[PDB]
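Trainee: Take this structure, written in structure tokens, and hold onto it; I'll ask about it next.
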Amino acid sequence: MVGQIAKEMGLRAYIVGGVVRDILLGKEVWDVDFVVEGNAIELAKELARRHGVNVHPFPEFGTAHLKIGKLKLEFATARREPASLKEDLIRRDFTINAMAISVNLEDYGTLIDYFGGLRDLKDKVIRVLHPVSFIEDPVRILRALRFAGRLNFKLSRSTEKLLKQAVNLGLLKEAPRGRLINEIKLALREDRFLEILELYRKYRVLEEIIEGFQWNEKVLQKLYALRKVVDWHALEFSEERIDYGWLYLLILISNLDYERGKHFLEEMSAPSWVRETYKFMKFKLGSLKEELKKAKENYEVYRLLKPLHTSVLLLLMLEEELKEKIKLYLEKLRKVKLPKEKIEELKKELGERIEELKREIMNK
């Protein structure tokens, strides 16, 4: 498709960035990024023209976004921020992100690795292209770790050194906030997010981000246990799934004050139920656990846990003594239903007697 046009236009187009990496990992990807030596915008517009789809141009950035089916295509002009593909590649973050593949007809199927990205790919290594990479873009401080968290990659010696230097320089605090917030929002999406938190604690990034935040053993243990709970719940009910990456965050900020924690969650643009679970965690959770341990009957637990959010219950599953109760509610208590004739005899106040009968049966 594209290579044809690149030939017709006498340009040179390349699949570029992490997409190439994911292809080398065999990962299926429907979002594809290109870098073009030529007019990238004209190439893209011609592509969309031939395919007869819509194309959104961006002259300012020098890029164009067009979508075909559910497959999304971006076409960027080669730049040093004309410039060669190598220049556009060397300005990126890491070696695994530094490669590209030609869709051009002659060299089609050729992977281009200048920096040994493929060499450093098999060794499970996160390696920056230039030594000032971190001071250049402080967000990378997190990013590297994030990658190292997901792919189980180890940082190269120089990379680690420069990382801890940049961190110690406090560039994290003086870095643009929105970018950091977005990167952290990107980190929670990972299922390897806990390992990323491990690297976070190791290189002490959160301490330079969140005000008055420090680490203790209890939080860590509760995070591991939280992972256990998450795994179990994801296992049992696959249709009840939610965003788990937030809960861990709620475990991290649980010690912090309500005001700055609220400001922080608002700063993260978190979902409603998350902030609601936070507010309910701060104030009324203690009395909740109190009267939960004091519950002699299962129906009272039903009444208590019914208005609660699912996340709240999953968070209540942490307590060793409260586990079987929560499990009972999930797989038994809430599944109680009734017949017809009984309802009709009750009708000869309704919901009252309904809860009365629930109170009758649910205690067995």
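Trainee: Limited to the range 208-236, what total is found for residues that are in a loop (DSSP other than H, G, I, E, B) and under 21 Å from the mean Cα position of the chain (by Cα)?
Mentor: So the answer is 2.
Trainee: Then there's this: I'd like to know if the range 38-55 contains one or more residues that are out of contact with any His (no Cβ under 8 Å at 6 or more places or on another chain) and under 30 Å from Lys124 (Cβ atoms).
Mentor: The answer is no; no qualifying residue exists.
Trainee: Right, another one. Here is a list of conditions, (1) over 20 Å from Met317 (Cβ atoms); (2) of a type outside the set (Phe, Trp, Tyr); (3) assigned to a helix (DSSP H, G or I), and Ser269 meets all of them except one; can you say which number that is?
Mentor: Only one criterion in (1) over 20 Å from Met317 (Cβ atoms); (2) of a type outside the set (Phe, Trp, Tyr); (3) assigned to a helix (DSSP H, G or I) is unmet by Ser269, namely (3).
Trainee: Output the qualifying pairs, or none if there are none: Cβ atoms under 7 angstrom, residues six or more apart or on different chains, first residue in the range 204-232 and within 26 Å of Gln165 (Cα to Cα), second residue polar (S, T, N, Q).
Mentor: Hits for this filter: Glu207/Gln214.
Trainee: Which members of the range 237-261 meet the condition of being basic (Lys, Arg), over 21 Å from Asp191 (Cα atoms) and either crowded, with 16+ Cβ neighbours inside 10 Å or within 19 Å of the chain's Cα centre (by Cα) (or both)?
Mentor: Selection gives nothing.
Trainee: Further question: In the range 276-309, what residues are under 27 Å from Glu259 (Cβ atoms) and β-branched (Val, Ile, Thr)?
Mentor: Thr277
Trainee: Turning to a different aspect of this structure: Residue check: is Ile343 out of contact with any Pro (no Cβ under 6 Å at 6 or more places or on another chain), of a type in the set (A, V, I, L, M), in a helix (DSSP H, G or I) and farther than 17 Å from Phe237 by Cβ?
Mentor: When the stated conditions are applied, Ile343 passes them.
Trainee: Still on this model: Among the numbered criteria (1) part of a loop (DSSP other than H, G, I, E, B); (2) under 20 Å from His130 (Cβ atoms), which single criterion is violated by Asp191?
Mentor: The single condition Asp191 does not satisfy is (2).
Trainee: Being of a type in the set (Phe, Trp, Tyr) and outside the structural domain of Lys202 (by CATH), is that true of even one residue in the range 141-154?
Mentor: No, there is no match, as no residue in the range 141-154 is of a type in the set (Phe, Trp, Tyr) and outside the structural domain of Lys202 (by CATH).
Trainee: For the range 148-184, name all the residues that are in contact with an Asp or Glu (Cβ under 9 Å, 6 or more places away or on another chain) and closer than 24 Å to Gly117 by Cβ.
Mentor: Within the range 148-184, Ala148, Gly149, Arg150, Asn152, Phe153, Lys154, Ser156, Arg179 meet the criteria.
Trainee: Counting just the residues of the range 19-62 that are under 20 Å from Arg80 (Cβ atoms) and of a type in the set (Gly, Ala, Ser), which one comes out nearest to the chain's Cα centre (by Cα)?
Mentor: Ranking the qualifying residues of the range 19-62, first place goes to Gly62.
Trainee: Which residues, counting only those in the range 152-182, are buried (at least 17 other Cβ atoms within 10 Å of the Cβ), farther than 16 Å from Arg204 by Cβ and not small (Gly, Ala, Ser)?
Mentor: The answer is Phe153, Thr159.
Trainee: So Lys67 ticks every box in (1) farther than 24 Å from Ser156 by Cβ; (2) more than 26 Å from the chain's Cα centre (by Cα) but one. Which box is left unticked?
Mentor: Against the list (1) farther than 24 Å from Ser156 by Cβ; (2) more than 26 Å from the chain's Cα centre (by Cα), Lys67 comes up short only on (2).
Trainee: Given the criteria assigned to a strand (DSSP E or B) and either closer than 25 Å to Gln4 by Cα or not small (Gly, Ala, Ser) (or both), does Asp107 qualify?
Mentor: The answer is no for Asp107.
Trainee: How many of the residues making up the range 283-328 are under 23 Å from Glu355 (Cα atoms) and of a type in the set (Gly, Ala, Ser)?
Mentor: So the answer is 1.
Cβ atoms come from the backbone with ideal geometry, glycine included; neighbour counts cover every protein chain shown. The values are calculated or read from the model by the stated rules, or taken from the named source; none is laboratory data.
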